[PDB]
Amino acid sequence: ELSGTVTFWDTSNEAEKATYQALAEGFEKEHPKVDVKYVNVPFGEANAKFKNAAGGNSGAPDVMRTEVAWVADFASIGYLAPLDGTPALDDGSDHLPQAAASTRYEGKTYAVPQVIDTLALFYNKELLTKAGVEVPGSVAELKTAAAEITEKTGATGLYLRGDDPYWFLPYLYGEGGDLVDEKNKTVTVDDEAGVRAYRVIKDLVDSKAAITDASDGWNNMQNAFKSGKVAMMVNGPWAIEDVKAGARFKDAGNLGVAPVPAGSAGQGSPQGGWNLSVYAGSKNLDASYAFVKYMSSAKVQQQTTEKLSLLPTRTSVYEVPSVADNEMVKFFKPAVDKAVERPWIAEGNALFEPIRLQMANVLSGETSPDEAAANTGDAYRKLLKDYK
């Protein structure tokens, strides 16, 4: 028997949330004595809100949509129920290895994978065609393309997200860099690749190839792309249905997607995504395990793709013709296969704030690329006491 309340905190965005609420409530079809209480929690607030609730054992959710870096974060402070040997885990081996890695902390499973993602270059096909340019493969090509776009159409080439540090990573990887060398416990962000990456973002804006904003970056990016103010943006699968709501991208026929541009050394995009965790203090652990199994099942992952084009973590789901033949999936899955995995460490989540501050200050001209890289390195060494 399953009965009682399962409160689910979902972080999905305005375009995704109706789908996720319907899926969550569908758990009640097979378990009518369970009451699913769906709550949508803003992404930026959710980590803090969960810690506040879990630390005061006061209004915590039973099931938490848990960003890949939040698993080790929450788990290290005891907020997550261990899932090994529980009904929450079913056909575990189906999940992509890199998705499974993010669910683990100190030899225990604290989450089940839900979606996997990476960043890509979205582009407005009509604008590029009008400008007579090809989708750019590199930053150098992007600069050239942007000039032609402005000359021939008046649009700016790129919206460069300046207020979210995750958007720094493609530039860092393209310059031949990474945050840390996990295996050797060495901070690497302040290597010359870090300097180069901060210089690249500043040059893109100064040269007018790109525009940016120091605040409200999600809305500003989406607005600029949807309104044709820019021809390109870097974004993820969570943006697809949001973009398609716009007059300019109905049915996605005008929406192109390609890999993030290479830099001077090579090319790369980060691995991200979401898992599902159970609050350690839940008063309905059984019903929660079953809710997690349900939300992470092949059936529900397939539905999510069909409604939202989010990428399944289950390998088996990619063999479903409906998923295999989805064009956003056909592009994003290979890109995900190549995505750079991060260290799944308690402090991994905290690696982002230092980038955020230095990136803002580079873009405004308050901080040189050289100082920004050094500052980011210093911040990491403070965070990671056993890293050189």
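In this text, residue numbers run from 1 along the sequence as written.
Stretches 224-232 and 274-282 differ in mean C-alpha B factor, with the higher average recorded for 274-282. Two stretches are in play, 358-366 and 31-39, and the higher mean C-alpha B-factor belongs to 31-39. Based on the entry's C-alpha B-factors, the most elevated value among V260, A100, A146, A247 belongs to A100. Of the candidates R161, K125, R199, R104, it is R104 whose Cα B-factor is highest according to the PDB record.
In the deposited entry, the Cα temperature factor of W344 sits in the top third of values across the chain's modelled residues.
The PDB entry assigns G132 a C-alpha temperature factor belonging to the middle third of its chain's modelled residues.
The PDB entry assigns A155 a C-alpha temperature factor belonging to the lowest third of its chain's modelled residues. When the modelled residues of the chain are ordered by their C-alpha B factor, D178 lands in the middle third. For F168, the recorded CA B-factor ranks within the lowest third of the chain. Only modelled residues enter the ranking.
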